[PDB]
Amino acid sequence: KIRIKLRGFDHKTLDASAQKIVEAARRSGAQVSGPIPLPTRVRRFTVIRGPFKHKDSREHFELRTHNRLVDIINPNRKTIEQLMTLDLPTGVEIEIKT
Amino acid sequence: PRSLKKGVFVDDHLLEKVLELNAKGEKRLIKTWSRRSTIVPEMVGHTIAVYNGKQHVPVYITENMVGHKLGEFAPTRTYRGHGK
Amino acid sequence: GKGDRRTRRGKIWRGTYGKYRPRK
Amino acid sequence: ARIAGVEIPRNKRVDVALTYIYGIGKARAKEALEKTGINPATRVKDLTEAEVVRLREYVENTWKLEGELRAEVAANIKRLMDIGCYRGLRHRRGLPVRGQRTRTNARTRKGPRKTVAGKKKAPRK
Amino acid sequence: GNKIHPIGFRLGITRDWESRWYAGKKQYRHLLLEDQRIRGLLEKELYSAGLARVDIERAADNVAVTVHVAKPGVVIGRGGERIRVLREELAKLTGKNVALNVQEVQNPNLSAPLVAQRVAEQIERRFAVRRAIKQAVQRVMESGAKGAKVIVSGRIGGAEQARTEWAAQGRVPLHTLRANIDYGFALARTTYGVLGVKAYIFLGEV
Amino acid sequence: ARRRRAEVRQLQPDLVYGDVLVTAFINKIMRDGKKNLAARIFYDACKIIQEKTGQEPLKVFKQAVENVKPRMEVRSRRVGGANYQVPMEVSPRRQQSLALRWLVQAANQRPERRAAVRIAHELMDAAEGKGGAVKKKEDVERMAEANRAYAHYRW
Amino acid sequence: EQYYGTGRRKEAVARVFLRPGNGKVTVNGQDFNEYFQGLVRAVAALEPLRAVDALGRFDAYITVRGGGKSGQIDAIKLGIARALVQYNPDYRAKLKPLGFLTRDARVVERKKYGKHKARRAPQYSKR
Amino acid sequence: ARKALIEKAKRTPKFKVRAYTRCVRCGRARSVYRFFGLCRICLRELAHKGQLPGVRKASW
RNA sequence: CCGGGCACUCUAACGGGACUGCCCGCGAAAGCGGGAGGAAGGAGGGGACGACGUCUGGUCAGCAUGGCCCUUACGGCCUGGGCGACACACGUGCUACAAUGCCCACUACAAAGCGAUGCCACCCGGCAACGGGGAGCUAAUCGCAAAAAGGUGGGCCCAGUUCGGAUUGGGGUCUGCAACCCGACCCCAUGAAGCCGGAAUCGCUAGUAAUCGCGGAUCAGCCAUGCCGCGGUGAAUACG
Ligand SMILES: [Mg+2]
Ligand SMILES: [Mg+2]
Ligand SMILES: [Mg+2]
Ligand SMILES: [Mg+2]
Ligand SMILES: [Mg+2]
Ligand SMILES: [Mg+2]
Ligand SMILES: [Zn+2]
């Protein structure tokens, strides 16, 4: 009954990762609770375009943090064996907690 | 409608410095920069000189002005009118 | 109106709470 | 009903009429009527001699109103003024005493706007 | 005053970042400073080699760092002793225990960052700006490319009145958000002041 | 409007009489986009119109409108130099715009404290042939035709 | 048995479960005329029923979340218009000439920088 | 930015109310963003280069 | 709420969908008008994106950089004062001059954000700001939050008013080493001008204007009515 929470700036980097974590544990154990999206928190940065004056320049920036769930219930050694061994994504930070 | 709470602040520069004067007599003028100090009974009678940010001014502290922060009797701006 | 700090709206405006605008 | 120093509210609800006393308003008005049993909504006229007594009794004795109040305030303003006190100066000058800007909006304190000549050729905006 | 950075303009599309690492709302301003500190050295003790991009990945006290260069030999070192000096002198900036790499630039004529450097280089020496530009535009165009453009600013030729020399060939569609245009800028300290040098290289499209 | 000939917004009919001139009149009453409070004020007046009168509300409304519509108005125009107020027909479109606007404006000039009252009244007065509405309507028509001579500028 | 429509308006979604019955309406557990008390607009929400003559024929359960009640009225109006079609596809041919089956796409415009409100432009003095 | 004024780096301030910020990069102070430690100018520059991971151009 | 269920709403990733494709008319063609189907129609609505050049445009106080200039000081520390001064002039705004309103009560609809010495449920003390205690959340699963306008009821009765809150007196909370100069907030008292603004002048063509409330960055706290952004209700008018 392990709940995995994957997050990342790139949505495909997660879609990629998360997909693996599923296909993997989709054998050694349960078929997982399916990867779930979860709302995305978004950072905004509104910075005056040029230095000095021109208060009306602006330009908009944003740092979008995506999330996922997966959620694997019924861990069976190998279920955890397909995990700790195979890893890849760089822009993906994982959180496994049952 | 001023505010402070519980601790009516006073810079011990002149505080510990003023209570020592009481133990004896009254020292003519006591230049301070603790414009932020709250006036207290002890200070009464004394003569603390506060800085404008330019000069030290003689301020005879009275019993009816206790509580008012020091300075506040040492104006900063020098304004005599725009008239001409 | 929004100007009066001692009324419902006055508070809401100043975004405060108090006698005139209780935190429920 | 003469309830305070030569005070005399009338023909309106009492909780609104007590407001007409130099030391009372909404807050204190709603208090005195509360602790006097009178129903605010009653017109000063419709008040009962007895009610006018309880009301007047409290009000005049429970607070500092009218003339004496004015006297106090004024006494304070001279007080801090008779000592170097910043506020004191501000009062002598007749300029605001609560750290508001004086380069502009300070009319309510400065009184009528008294224009002067100036330096035109130069966008004073 | 106009024109968006051609790179920043297409990060979502045809153009990856130069630092790709997962979340971090309490350390972002630390890994970043680090990524910076890093590039600091690399864009110094690695200039003469064609420093054309310093990628960086991470994963819990583990930095990747992939210095792309036109002359890796200069990076590696005799037999391979410098790449060893880097790594060490490098972990002196940050513990972390960070890797390193040296992928080469297959043809620096198609590397805007480099082209900028070449032109800025000659200028620093004392070559004919206009020439330098025409030639570079050529090379870049000469070695493939579907378009190229170079822009030197400053006091061209030590002149007192700042100007701006042009030069471009083929297509350099800055608006078409997908063209895939490599951008590069190069400074140019001079006996008489700075000169900015911009290079645009158009490669394929889709 | 340099290019096209601006299309006239067609609004959804009244939710009581299923009429558009009502929605129209209702909007003119509305302020700060409070189309609800605006909606009441009218409907209430409609009742007052049917209490202080036996007539149906909606037909009294129609009457007011029809009586406030100016048929001629004067548009200024530089000619040779001076700006001659020039008389000319009023398009049925504008005729209505001016009517409903005037009704509301006149209504809010009235003294009754309650809004709905003012409208119910001004309208009834309009059907009668009085009230500020009609005064303007006629003051206008009078203004035009009073500047007759300056009409060979047909426009 | 039962019929349904989704209906959305300027950021309000309304699940409409049409059903055969009296003609009562339940919006968020409240009587239709209780959720929309004192809102002249209210009536509109059921206009698509009057179109093909229903109401006194159907009974509807309704979910509504997001926006304001004026927006919800409109969504509800879409959902109703939609379910109506499942019950009888042939309704379209007469339910559409009114456009009830159209999803009003009008929406709150983004607040642009530089201006005060997307469009409201700051004013200048003696330009 | 005076080298001298970048004393702020002195995690040794008589009282913490005196401790301010300053840009990590240009050494500015007028408008630094906590999440980055960079000023509004430095942030746009780095942002554009793609050196700010995950950061991008907001459009909508 | 619980078991349970993925249907619906939603969340987020991919994908379909509109091309004047289809019918009618004008046309040489492009295209124009009209019609059907469609959630949407002829660039469907809003963004990002700004040509070669223009102005000796702006910024050497963001940074960088040529030259000139100071190098017991044109460098550095500290304490205090000043950037907050006022007889005045202008720009941008806020609040308002009221009954389509003000007020008190009860009651209902939102989106986008933010949260570690952080957001703070709930309880208690206090008129209150806030204090003491204390659960939950590392945050679609807890909190900021109350949306306000609106709806139902009740008060005010045309008054400079139960309009409007300036100004001042008094008491107090919180931050911070410290709030005299120079913070914000609470409560009592005070309760100003203002009755819709001369010449002149500004914005906006639709989910726009107008009006209503909500969030964020910076940030100990805050002079924010500024700025960036979110959703609610929602017009008038365009002959030309
Ligand atoms: Mg009031
Ligand atoms: Mg809006
Ligand atoms: Mg600070
Ligand atoms: Mg110049
Ligand atoms: Mg200043
Ligand atoms: Mg336009
Ligand atoms: Zn910076």
# chains A, B, ... in the order shown; residues from 1 in each chain; ligands from 1
call {"tool": "closest_atom_pairs", "arguments": {"of": "chain I", "to": "ligand 3", "cutoff": "10 Å", "atoms": "only C-alpha atoms (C1' of nucleotides) and all ligand atoms", "output": "JSON lines"}}
result
{"residue": "I:219", "atom": "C1'", "partner": "ligand 3", "partner_atom_place_in_ligand_line": "1 (Mg)", "distance": 7.5}
{"residue": "I:220", "atom": "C1'", "partner": "ligand 3", "partner_atom_place_in_ligand_line": "1 (Mg)", "distance": 7.1}
{"residue": "I:221", "atom": "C1'", "partner": "ligand 3", "partner_atom_place_in_ligand_line": "1 (Mg)", "distance": 9.0}
call {"tool": "write_last_selection", "arguments": {"atoms": "N, CA and C atoms (P, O5', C5', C4', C3', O3' and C1' of nucleotides)", "output": "PDB file, in the first residue's frame"}}
result
ATOM      1  P     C I 219      12.296  41.301   0.022  1.00  0.00           P
ATOM      2  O5'   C I 219      11.300  41.607   1.223  1.00  0.00           O
ATOM      3  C5'   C I 219      11.205  42.926   1.772  1.00  0.00           C
ATOM      4  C4'   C I 219      10.022  43.019   2.699  1.00  0.00           C
ATOM      5  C3'   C I 219       9.933  41.926   3.744  1.00  0.00           C
ATOM      6  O3'   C I 219      10.726  42.237   4.869  1.00  0.00           O
ATOM      7  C1'   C I 219       7.840  42.178   2.701  1.00  0.00           C
ATOM      8  P     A I 220      11.228  41.051   5.823  1.00  0.00           P
ATOM      9  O5'   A I 220       9.949  40.728   6.710  1.00  0.00           O
ATOM     10  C5'   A I 220       9.963  39.662   7.663  1.00  0.00           C
ATOM     11  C4'   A I 220       9.478  40.162   8.998  1.00  0.00           C
ATOM     12  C3'   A I 220       8.207  40.986   8.958  1.00  0.00           C
ATOM     13  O3'   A I 220       7.059  40.154   8.922  1.00  0.00           O
ATOM     14  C1'   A I 220       9.810  42.031  10.360  1.00  0.00           C
ATOM     15  P     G I 221       5.790  40.606   8.051  1.00  0.00           P
ATOM     16  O5'   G I 221       5.464  42.041   8.651  1.00  0.00           O
ATOM     17  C5'   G I 221       4.890  42.162   9.952  1.00  0.00           C
ATOM     18  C4'   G I 221       4.764  43.609  10.328  1.00  0.00           C
ATOM     19  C3'   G I 221       4.148  44.499   9.267  1.00  0.00           C
ATOM     20  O3'   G I 221       2.736  44.474   9.341  1.00  0.00           O
ATOM     21  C1'   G I 221       6.129  45.491  10.094  1.00  0.00           C
TER      22        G I 221
END
call {"tool": "residues_around", "arguments": {"residues": "residue 18 of chain C", "least_positions_apart": "3", "cutoff": "8 Å", "atoms": "only C-alpha atoms (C1' of nucleotides)", "output": "list in words"}}
result
residues 11, 21, 22 and 23 of chain C; 128, 129 and 186 of chain I
call {"tool": "interface_residues", "arguments": {"of": "chain G", "to": "chain D", "cutoff": "12 Å", "atoms": "only C-alpha atoms", "output": "list in words"}}
result
residues 125, 126 and 127 of chain G
call {"tool": "residues_near_ligand", "arguments": {"ligand": "ligand 2", "cutoff": "8 Å", "atoms": "only C-alpha atoms (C1' of nucleotides) and all ligand atoms", "output": "list in words"}}
result
residues 108, 109 and 117 of chain G; 231 of chain I
call {"tool": "write_last_selection", "arguments": {"atoms": "N, CA, C and O atoms (P, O5', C5', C4', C3', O3' and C1' of nucleotides)", "output": "PDB file, in the first residue's frame"}}
result
ATOM      1  N   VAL G 108     -14.720  36.399 -19.302  1.00  0.00           N
ATOM      2  CA  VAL G 108     -13.943  37.456 -18.676  1.00  0.00           C
ATOM      3  C   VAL G 108     -12.571  37.561 -19.302  1.00  0.00           C
ATOM      4  O   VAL G 108     -11.776  36.612 -19.228  1.00  0.00           O
ATOM      5  N   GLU G 109     -12.293  38.734 -19.880  1.00  0.00           N
ATOM      6  CA  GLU G 109     -11.029  39.020 -20.548  1.00  0.00           C
ATOM      7  C   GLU G 109      -9.848  39.228 -19.601  1.00  0.00           C
ATOM      8  O   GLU G 109      -9.949  39.894 -18.574  1.00  0.00           O
ATOM      9  N   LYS G 117      -7.517  47.481 -16.850  1.00  0.00           N
ATOM     10  CA  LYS G 117      -8.426  46.353 -16.812  1.00  0.00           C
ATOM     11  C   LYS G 117      -8.581  45.644 -18.141  1.00  0.00           C
ATOM     12  O   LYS G 117      -9.708  45.477 -18.600  1.00  0.00           O
TER      13      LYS G 117
ATOM     14  P     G I 231     -10.517  34.521 -14.698  1.00  0.00           P
ATOM     15  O5'   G I 231     -11.921  34.720 -13.971  1.00  0.00           O
ATOM     16  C5'   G I 231     -12.687  33.582 -13.547  1.00  0.00           C
ATOM     17  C4'   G I 231     -13.593  33.947 -12.398  1.00  0.00           C
ATOM     18  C3'   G I 231     -14.864  34.716 -12.722  1.00  0.00           C
ATOM     19  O3'   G I 231     -15.908  33.823 -13.078  1.00  0.00           O
ATOM     20  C1'   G I 231     -13.759  35.730 -10.889  1.00  0.00           C
TER      21        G I 231
END
call {"tool": "interface_residues", "arguments": {"of": "chain F", "to": "chain G", "cutoff": "10 Å", "atoms": "only C-alpha atoms", "output": "list in words"}}
result
residues 14, 15, 16, 35, 36, 37, 39, 40 and 43 of chain F
call {"tool": "write_last_selection", "arguments": {"atoms": "N, CA, C and O atoms", "output": "compact mmCIF listing (two decimals), in the first residue's frame"}}
result
# COMPACT_ATOMS: atom_id res chain seq x y z
N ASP F 14 -38.34 40.70 -22.89
CA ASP F 14 -38.71 40.78 -21.48
C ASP F 14 -39.14 39.43 -20.91
O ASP F 14 -39.73 38.61 -21.62
N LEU F 15 -38.83 39.18 -19.64
CA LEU F 15 -39.20 37.92 -18.99
C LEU F 15 -40.58 37.99 -18.35
O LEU F 15 -40.89 37.23 -17.43
N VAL F 16 -41.41 38.91 -18.83
CA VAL F 16 -42.75 39.09 -18.31
C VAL F 16 -43.71 39.48 -19.42
O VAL F 16 -44.87 39.06 -19.43
N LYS F 35 -28.57 44.71 -13.40
CA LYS F 35 -29.75 44.44 -14.21
C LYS F 35 -30.91 43.84 -13.42
O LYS F 35 -32.01 43.72 -13.95
N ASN F 36 -30.67 43.47 -12.17
CA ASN F 36 -31.73 42.87 -11.36
C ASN F 36 -32.54 43.96 -10.69
O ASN F 36 -33.76 44.04 -10.85
N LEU F 37 -31.84 44.81 -9.94
CA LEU F 37 -32.48 45.94 -9.27
C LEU F 37 -33.18 46.78 -10.34
O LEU F 37 -34.26 47.31 -10.13
N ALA F 39 -34.41 45.62 -13.05
CA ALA F 39 -35.58 44.82 -13.42
C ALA F 39 -36.75 45.04 -12.48
O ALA F 39 -37.90 45.15 -12.91
N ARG F 40 -36.47 45.09 -11.18
CA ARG F 40 -37.54 45.34 -10.22
C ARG F 40 -38.16 46.70 -10.50
O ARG F 40 -39.27 46.79 -11.01
N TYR F 43 -40.73 46.65 -13.24
CA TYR F 43 -41.89 45.82 -12.95
C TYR F 43 -42.76 46.40 -11.83
O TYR F 43 -43.99 46.41 -11.94
call {"tool": "residues_near_ligand", "arguments": {"ligand": "ligand 6", "cutoff": "12 Å", "atoms": "only C-alpha atoms (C1' of nucleotides) and all ligand atoms", "output": "ChimeraX atom specification"}}
result
/F:1-2 /G:119-120 /I:204-206,208
call {"tool": "residues_near_ligand", "arguments": {"ligand": "ligand 4", "cutoff": "10 Å", "atoms": "only C-alpha atoms (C1' of nucleotides) and all ligand atoms", "output": "ChimeraX atom specification"}}
result
/I:55-58
call {"tool": "write_last_selection", "arguments": {"atoms": "C-alpha atoms (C1' of nucleotides)", "output": "PDB file, in the first residue's frame"}}
result
ATOM      1  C1'   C I  55      14.722  60.164 -32.116  1.00  0.00           C
ATOM      2  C1'   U I  56      22.448  62.912 -30.965  1.00  0.00           C
ATOM      3  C1'   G I  57      15.275  58.980 -27.271  1.00  0.00           C
ATOM      4  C1'   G I  58      16.383  56.394 -21.788  1.00  0.00           C
TER       5        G I  58
END
call {"tool": "closest_residue", "arguments": {"among": "A:80, A:96, A:32, A:88", "to": "chain E", "atoms": "only C-alpha atoms"}}
result
A:88
call {"tool": "decode", "arguments": {"residues": "segment 63-74 of chain D", "atoms": "N, CA, C and O atoms", "output": "PDB file, in the first residue's frame"}}
result
ATOM      1  N   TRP D  63     -20.347  59.662  32.399  1.00  0.00           N
ATOM      2  CA  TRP D  63     -19.308  60.215  31.517  1.00  0.00           C
ATOM      3  C   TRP D  63     -18.926  61.670  31.744  1.00  0.00           C
ATOM      4  O   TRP D  63     -19.442  62.358  32.624  1.00  0.00           O
ATOM      5  N   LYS D  64     -18.004  62.113  30.895  1.00  0.00           N
ATOM      6  CA  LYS D  64     -17.473  63.467  30.882  1.00  0.00           C
ATOM      7  C   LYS D  64     -17.961  63.989  29.532  1.00  0.00           C
ATOM      8  O   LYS D  64     -17.475  63.556  28.483  1.00  0.00           O
ATOM      9  N   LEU D  65     -18.926  64.904  29.556  1.00  0.00           N
ATOM     10  CA  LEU D  65     -19.500  65.421  28.325  1.00  0.00           C
ATOM     11  C   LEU D  65     -19.446  66.934  28.152  1.00  0.00           C
ATOM     12  O   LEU D  65     -18.861  67.653  28.964  1.00  0.00           O
ATOM     13  N   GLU D  66     -20.063  67.397  27.067  1.00  0.00           N
ATOM     14  CA  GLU D  66     -20.137  68.810  26.727  1.00  0.00           C
ATOM     15  C   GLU D  66     -18.976  69.680  27.176  1.00  0.00           C
ATOM     16  O   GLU D  66     -17.817  69.288  27.072  1.00  0.00           O
ATOM     17  N   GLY D  67     -19.312  70.869  27.666  1.00  0.00           N
ATOM     18  CA  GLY D  67     -18.327  71.832  28.125  1.00  0.00           C
ATOM     19  C   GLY D  67     -17.079  71.333  28.834  1.00  0.00           C
ATOM     20  O   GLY D  67     -15.971  71.731  28.470  1.00  0.00           O
ATOM     21  N   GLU D  68     -17.237  70.488  29.849  1.00  0.00           N
ATOM     22  CA  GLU D  68     -16.082  69.975  30.583  1.00  0.00           C
ATOM     23  C   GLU D  68     -15.144  69.200  29.666  1.00  0.00           C
ATOM     24  O   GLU D  68     -13.920  69.273  29.798  1.00  0.00           O
ATOM     25  N   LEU D  69     -15.732  68.453  28.739  1.00  0.00           N
ATOM     26  CA  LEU D  69     -14.965  67.669  27.782  1.00  0.00           C
ATOM     27  C   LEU D  69     -14.094  68.628  26.973  1.00  0.00           C
ATOM     28  O   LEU D  69     -12.866  68.517  26.965  1.00  0.00           O
ATOM     29  N   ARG D  70     -14.747  69.568  26.293  1.00  0.00           N
ATOM     30  CA  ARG D  70     -14.055  70.559  25.481  1.00  0.00           C
ATOM     31  C   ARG D  70     -12.919  71.142  26.284  1.00  0.00           C
ATOM     32  O   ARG D  70     -11.799  71.253  25.799  1.00  0.00           O
ATOM     33  N   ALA D  71     -13.227  71.514  27.523  1.00  0.00           N
ATOM     34  CA  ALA D  71     -12.246  72.099  28.425  1.00  0.00           C
ATOM     35  C   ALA D  71     -11.039  71.183  28.553  1.00  0.00           C
ATOM     36  O   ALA D  71      -9.891  71.625  28.436  1.00  0.00           O
ATOM     37  N   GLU D  72     -11.304  69.903  28.794  1.00  0.00           N
ATOM     38  CA  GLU D  72     -10.234  68.933  28.934  1.00  0.00           C
ATOM     39  C   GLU D  72      -9.354  68.983  27.694  1.00  0.00           C
ATOM     40  O   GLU D  72      -8.233  69.496  27.737  1.00  0.00           O
ATOM     41  N   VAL D  73      -9.878  68.458  26.592  1.00  0.00           N
ATOM     42  CA  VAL D  73      -9.165  68.432  25.320  1.00  0.00           C
ATOM     43  C   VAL D  73      -8.293  69.666  25.118  1.00  0.00           C
ATOM     44  O   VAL D  73      -7.088  69.559  24.889  1.00  0.00           O
ATOM     45  N   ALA D  74      -8.908  70.837  25.211  1.00  0.00           N
ATOM     46  CA  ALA D  74      -8.185  72.084  25.034  1.00  0.00           C
ATOM     47  C   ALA D  74      -7.007  72.155  26.000  1.00  0.00           C
ATOM     48  O   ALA D  74      -5.898  72.537  25.618  1.00  0.00           O
TER      49      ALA D  74
END
